[PDB]
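Working notes for the structure below.
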Amino acid sequence: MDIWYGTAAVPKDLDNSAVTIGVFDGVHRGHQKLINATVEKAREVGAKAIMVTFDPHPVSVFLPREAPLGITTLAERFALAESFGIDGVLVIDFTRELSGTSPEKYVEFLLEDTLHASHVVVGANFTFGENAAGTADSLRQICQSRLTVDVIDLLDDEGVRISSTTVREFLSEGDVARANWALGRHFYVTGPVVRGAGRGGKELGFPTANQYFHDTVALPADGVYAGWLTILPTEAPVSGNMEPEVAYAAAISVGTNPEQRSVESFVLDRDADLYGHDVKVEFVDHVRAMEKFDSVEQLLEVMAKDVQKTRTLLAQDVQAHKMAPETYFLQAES
Amino acid sequence: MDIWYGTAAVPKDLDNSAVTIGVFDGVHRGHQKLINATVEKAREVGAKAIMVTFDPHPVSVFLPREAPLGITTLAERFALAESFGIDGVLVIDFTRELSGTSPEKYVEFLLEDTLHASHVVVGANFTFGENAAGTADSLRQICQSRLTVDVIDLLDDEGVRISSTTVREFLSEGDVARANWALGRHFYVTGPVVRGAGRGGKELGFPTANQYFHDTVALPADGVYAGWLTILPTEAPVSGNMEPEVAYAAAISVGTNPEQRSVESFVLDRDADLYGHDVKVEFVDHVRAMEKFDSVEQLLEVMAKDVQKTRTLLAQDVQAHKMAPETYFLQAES
Amino acid sequence: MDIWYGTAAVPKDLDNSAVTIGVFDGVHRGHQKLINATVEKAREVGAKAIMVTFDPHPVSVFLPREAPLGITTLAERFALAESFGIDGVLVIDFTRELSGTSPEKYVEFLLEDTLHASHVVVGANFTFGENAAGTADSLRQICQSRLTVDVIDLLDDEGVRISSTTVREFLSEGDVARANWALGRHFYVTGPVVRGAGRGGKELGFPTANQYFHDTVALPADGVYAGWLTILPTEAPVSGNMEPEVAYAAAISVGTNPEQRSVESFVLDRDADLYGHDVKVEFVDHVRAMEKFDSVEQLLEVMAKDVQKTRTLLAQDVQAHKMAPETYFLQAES
Amino acid sequence: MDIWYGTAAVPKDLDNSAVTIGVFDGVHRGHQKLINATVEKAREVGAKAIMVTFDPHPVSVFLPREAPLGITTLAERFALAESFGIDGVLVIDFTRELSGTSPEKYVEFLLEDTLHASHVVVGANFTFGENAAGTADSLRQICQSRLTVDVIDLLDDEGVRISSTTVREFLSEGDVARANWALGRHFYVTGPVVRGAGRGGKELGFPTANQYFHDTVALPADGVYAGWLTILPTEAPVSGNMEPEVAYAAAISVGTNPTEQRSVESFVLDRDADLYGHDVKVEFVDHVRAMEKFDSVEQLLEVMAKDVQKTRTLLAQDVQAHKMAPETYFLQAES
Amino acid sequence: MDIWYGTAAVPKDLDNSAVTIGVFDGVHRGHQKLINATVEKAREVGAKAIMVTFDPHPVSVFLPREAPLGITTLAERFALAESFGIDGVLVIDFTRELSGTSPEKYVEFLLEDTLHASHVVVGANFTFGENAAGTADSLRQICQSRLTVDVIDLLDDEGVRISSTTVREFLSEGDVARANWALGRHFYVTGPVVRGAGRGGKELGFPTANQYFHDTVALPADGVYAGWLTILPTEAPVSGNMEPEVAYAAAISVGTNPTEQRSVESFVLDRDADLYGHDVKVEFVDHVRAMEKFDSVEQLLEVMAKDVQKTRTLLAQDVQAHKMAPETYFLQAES
Amino acid sequence: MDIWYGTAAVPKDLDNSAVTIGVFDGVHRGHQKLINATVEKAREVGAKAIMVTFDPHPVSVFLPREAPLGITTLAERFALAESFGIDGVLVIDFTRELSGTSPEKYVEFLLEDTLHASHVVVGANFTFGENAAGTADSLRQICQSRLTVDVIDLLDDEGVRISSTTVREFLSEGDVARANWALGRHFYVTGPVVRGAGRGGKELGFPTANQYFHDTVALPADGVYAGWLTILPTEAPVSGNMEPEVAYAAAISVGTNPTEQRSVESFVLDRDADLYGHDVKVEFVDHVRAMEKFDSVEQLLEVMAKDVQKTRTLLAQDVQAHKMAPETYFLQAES
């Protein structure tokens, strides 16, 4: 998949394309509707399926620092767009271009001159142009004759509107199961593993892996979650008995340094230290709220209940296999 | 009007004076009673009307950093005192003088030796001298024969005690209309305009003017307010279609950087950038609480409702002309 | 009393000992049970009474920064252990030794090889060894024949479990009287006196003494407390009319710098400045919550009520003489 | 004078203009040549004289936080342009437009489509387009028949090149005299006065006025300077015996602090005043001495009085040398 | 290769091993001598070749925050050890064990009880036990009949001692050529690429990739270097015309910042790419120039193009000198 | 000895006094001349001997945060005054009083009204009143018939002026020997011991005691020094084999840190102790060496043992030179 930053980087000789346009944060199930319709129409005409997306977040342009939390990083947005069949992602920066343009000159510049679009697919909530004048309906009439528009209704399921906003609320409440349901997959973060408290190995109280994330990253509420940890493909040696590319059962502690968040993973039944490696942490279910501990004994007792509840939740998760990992490790008991 | 810092700076040959004494933060309506009585008595005897005030706040002397928020800056206190007819402001620093003095030596030093007072006017709440022993009644008896004392009751109106404390509470609650009612004018701040998000001009989402204030400045609760923005007299060029010395209608956003406050002003129906200029922002009415925004579209929709409610509130404000500005700009519609 | 850091510092020729083992934070009344039983048994056999304690807190080993607040400093733990008759304190660092050891090799190494114990006394809550496997009951069976174990039930009195946890909660709620009841003495802090607001002396609003404490120190809730201030033995000159080694009546203000705490002491009926000195502040009773002040007059009025309520509470405290100081100063009135 | 942010804010209405293009930092004497040639030509035709300038600094686009010190603020650049008779300032941001563009499209878009220019005036060092491709020659050729292009060599005078670079050098060495000579006026900063040490009254050692500036502002090397302080027009009362819009003789201490920040402290000669809250302009005339540490009050005051004597002399020369002195001023010969 | 943290994590299972003991920071050419002697001996017997190393740095135990700069990270030390055929790395923390211990107990515990060693290999400078009592001799005597002890002199070559110290010196002076000569390979750092100035596209001045490193990482003196940049294996898409696992010719700017942090900015020659989010390895070949300030865009680009010419030359020599060049690479002779 | 803050705290009761007036920072040998002349005169009459000193430092009133380094704390100034027999210390704050005052009112208010002085003793450099107007002469004339005024020249000895300035210079150069010679005693700091690296036990490299001091405290140049450490009187238990109120031979490392702060680390010779929580006085005798970086444990300990040898020698000389040595001390000749 190609990745272009700004209109000027798009090949001048780009033949023909089917385009979808949005922030696409999270690439949730509604987003997948727009991508599917787009990939299908491109197949039909032998054209390229292009996503136009935005970075930085269009909101942060007017209100810097008060940007919505990133459900996925931009990098993951690329990876997800590829996995669903996008051939090219065009990334628009609204402080460089297309912000002051009228609806008319927007379509003309982006869809025709730049992308040579024959089809375009947007959500019902899509807007464009100076002071957001352009709507999904404007796009229908401006493009009548010139190119075909397909406007997909926002996704409603189980009485919930599925949008970036709802996914963020579910994460913020600690309800990763409902977030996952909206995403169509386990919510996850990826990141390098650093040193933390003691060393990962024989001692149960020491995390197998510690990670930090900036406060722009959306993360579930401080608490303990059941999930899966996967060391990403690597040739670097691994301390202990975990293998790369296998999703390992783990009780995951999300915390806050007293707004930079931490994620500490206790991998079930393994003795390993993942310092240096790149590690994906997928969330499945909430286990408990954060607690303060006043004795080593109390701490470990609770730690063991976390493991117990995690083993239960993960054993269920494996049964919903459209969400579960391909290769996993989960022991039936300790 | 003269401004003296400390007793030692007062002219030795100061003939005769009528004196009022207090912190005078905000110069609210109660304060204006003391000033009026003082200016009138000075007129009568052909003497000077002097205000004795305090900086730093007498409270911050014992409890530094836990000082009351400044309803007005000291500079504005001077300007307000002038506008009501004070000829001289003496500014006392309690860490330099008059804090350890007895009530007796206080009157003797300040009122006679320094200010050659023939009349003095204080509030019923006025205190003075070591450990606040001296009261308004002490001042009556210590000054019998020597000089005339006039003690004005605290101002009560519409079942509210009008004091610096009540004005601060109204501001803190976001009730600027009630604060204004207590002040006898629109609550305002003045300050240099800095660069903010994008550039002021054609785009509705970009503020016309951004300002910052230290956390000692009293400011209404985070939210959106209707008010008036006035570029203070200047010869510097102005970017866009606003003129100096005209009060322009504006939706005003007060925020907090995550305790240094910001004030962002969306001037109605104007395209301007005020970087570099000194700008007064007067508050009239609360519009709404602060909200987080998840789309450019939602942001602008709300922005436009703010404008709508502002136009309404300001059109009413103009009718109460004792509070409204002399020269204003408010369009009947967009 | 000897103080040893780590097993390696204990004399190789240490003859024979009676040992107690725990964190001992606060050395509360439950702790005193373990120490008493230990000192008594050591007397009986002519051996040394040893305390094994832990620093850093065993909890902070797994969860750094999320350590329990220190009811006493380590230094005070030493002083308290001495005052109750401990001959030697061995201080174990769990990041250096004894954390990965099995219950069996723990007893063998610590109690026999290092300390040559003939008796050991632990609480019912005591645990030891890798992943806290070892219990008070494990210690009974592992030591049958080899050495005598005495396991003391947790202390229950007036329907409250007396533990480090409960003392911390009482402090956190501002209930120092209940904390004191659990401690078996007045809760106290010691520390150097620094400059604060103005100078200690004639002015009532200026603190006699200002101190700061790091956020690892347990301290009662922000508020005003009645207590006693004692300048620790010294030959340095004292500004004003306070003598060393006398407990002076004081209204004590605990605050927070906006997590480093402050303690400001208004010594009743004395004019003194304690800059430079080391000062113990004992807490007796809660007086009031913290308030914001908007006038010097209001501030001092409240200050005087604090003094009034303090004089009352302290006059009662003196009557409970097992808790009260040996030499005190409290005036019947101003 | 108008100020437009971006090509899009320029009136479609504009039918004819004489344009000059540069950063114009400092608006020094070389800069004045460009503006003069532009303004006089604009008055010849019936056209408006337009300055195209850049903010953020083009260097900062590539090397953020490595930007050169601003000789003047953007605000003062506007004011200086207006003072030399520019009708419109157009401010280009390179992060928004005109940066990816080829030499060909840059000219047509900016000079023809936006500004509808008939005449252009640039320095010989002038560069434009993608990767600095376009040059003073490159410009003259693309613009045949439609645009009179006047290229002006960089200003050499007394064997010294007068550039923003050269000015920044003079400032940094603390040689304000040469900086002024190159600028055509006294170098100055403007800012609100805040509280400092004590209160401006009878005591010499407490500064009449305190100011702080961001690390972004070019200021002379730490030291003491002779200068003039002016309270900018205001109806706000003044504490002490000073008036607005009079340049007062002052000894000026420039200092630094951990927090970045630079400070400017002004001891005004023969006045007892405290300027807290006013906007004041501080003009620099000559270097007096380097910074030094003090360990007694008497020694500090001894030096302070020597700074005052030196300022009296140097400022008396500035008044006599006429050309750069202020219109209305206050200076005493003796204390 | 296994990695054990502390003696306690070592398998009880281990019956025979050839051991080497050192900090091994940089795994330079002297270090390679120790490892080679160890690995070949281990293959002779039926034994595993074990490296005993230390983290935190032994110096940092006594002088916290005064620790020497890491020539490589602990992670890269592992990877380098594995590349020279070590079977297990045992990592000692001196704050947890082996620090109070006498020479006698140190050997028996570590070499006999834990590792069940038959053979030992150490540098002649090797020190152990309480207060550095144990030495290369001290070691040979305690271990009679059970342990073959091979002591190897420090590597001298071309009249230069090759040590971690010497490498840190070369790096600090910006002499990466000599650092590489001493290491036996190109010095490198590895890290995730983040956002910087603009976007990696057609414009030369915006870096292909930005990286930051803690003050803990030894890096060359601030300046421009010739080097190779490699995108580490990945299925993540690449923006632009670059592939993973190809070393691309790059000019590399090393800089600093208040906040500690060092930066590494890579301008890859003849590619339009933005590497945000990838892990990249940056190899250093030769010093090009010291850092300098710029005050015009044209001058910066003028210098940038000179850096590119210089890189082409220096990298062409590195390719020809064969021995240290990468396996698969991309370099153009002309622009 | 009494300590009064401000003229207002002085007893109205005080009927007669001999007064000395100065900053007295360091209470050096020049200072001792003033105090001796004052104390002996006070014992002659029936009067109390009073020191008028200043806090904050008079310089800091004008130049905040540019204050000279405190040779001693205000607390130690009190203690030193008491040790030379002053009966009352009166502490003037110039931000509260005596600063606006003329020479005439300063004398009458302070010396007559407040202190009811009969006799005054000042240094020849002494300055008072508004803008340093009043001087040693100015003082003698205003005080005829009521005040015996004894002016004492600044102390010159071995061709060296002994002043606070001179002491601060010696300290800053790391020449504590000359600082001590000028002070009349070992320069010292006092402070609570906190945790540092490891635990004070058998291992030489972990300091017996760690201390930090604000940037306000004059300390010797970073380096190693010979000195004596004393645990101040206490009933708190001591970990290790050290007693309170014995000066123990120590090698002392003075260092710095980003965060401002200076550190003092004491390696006490031939003791295994950890002093956490105690107040300790650290006396400086002689400079041993400048600071240096280390890259091996063995080298650090090699140097550490050389510091100890050097300390043994230098401290043996200090004991023999008698005059400045402590009363009760502990020093061993051999390890």
Side-chain angles (χ1 to χ4, degrees), chain E residues 21-26 28 54 56-71 92-103 106 122-136 138 154 161 163-169 171-172 215 218 258-261, chain F residues 194-212 222-224 240 251-274 276 289-309 335:
Chain E
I21 308 159
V23 179
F24 282 102
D25 189 35
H28 58 50
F54 315 99
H57 197 295
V59 164
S60 81
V61 171
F62 294 90
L63 292 184
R65 295 199 278 179
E66 272 308 303
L69 295 181
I71 296 160
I92 298 316
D93 182 338
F94 278 129
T95 79
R96 161 76 205 181
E97 55 182 348
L98 290 182
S99 233
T101 318
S102 65
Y106 179 111
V122 276
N125 63 320
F126 175 61
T127 264
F128 68 98
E130 200 177 63
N131 297 319
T135 70
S138 170
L154 315 165
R161 191 84 103 216
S163 69
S164 301
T165 299
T166 281
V167 180
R168 293 184 196 107
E169 272 158 21
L171 287 170
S172 204
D215 60 18
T259 298
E260 214 276 49
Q261 270 191 0
Chain F
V194 304
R195 258 85 134 245
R199 291 292 178 272
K202 269 78 95 74
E203 293 216 66
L204 288 174
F206 299 101
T208 313
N210 290 279
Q211 288 162 304
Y212 303 95
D222 281 352
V224 168
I252 296 150
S253 285
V254 177
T256 320
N257 217 209
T259 298
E260 214 276 49
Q261 270 191 0
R262 309 288 307 280
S263 56
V264 173
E265 306 179 0
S266 290
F267 313 88
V268 178
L269 315 199
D270 325 299
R271 307 277 83 183
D272 313 320
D274 188 309
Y276 152 76
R289 70 174 167 79
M291 289 279 81
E292 50 191 271
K293 315 274 174 201
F294 304 96
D295 47 47
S296 53
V297 154
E298 90 145 304
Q299 139 196 150
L300 171 63
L301 291 171
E302 191 141 20
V303 176
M304 223 103 279
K306 216 187 164 218
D307 299 338
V308 163
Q309 276 190 285
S335 313

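Within every chain, numbering begins at 1; the chains are lettered A, B, ... in the order of the sequence lines, protein sequences first and strands thereafter.
- At a 4.5 Å heavy-atom cutoff, the contact between E/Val61 and chain F is made by backbone and side-chain atoms alike.
- Only the side chain of F/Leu300 comes within contact range of chain E, judged by heavy atoms closer than 4.5 Å.
- Of the atoms belonging to E/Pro64, it is side-chain heavy atoms, and not backbone ones, that fall under 4.5 Å from chain F.
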Interchain donor-acceptor contacts below 3.5 Å (chain F, chain E):
from: F/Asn257; atom 1: OD1; to: E/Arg65; atom 2: NH2; distance (Å): 2.9
from: F/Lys293; atom 1: NZ; to: E/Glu66; atom 2: OE1; distance (Å): 3.4
from: F/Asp295; atom 1: OD1; to: E/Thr165; atom 2: OG1; distance (Å): 3.4
from: F/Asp295; atom 1: OD2; to: E/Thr165; atom 2: OG1; distance (Å): 3.1

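- For E/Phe62 against F/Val297, the heavy-atom pair with the smallest separation is CE1-CG2, 3.9 Å.
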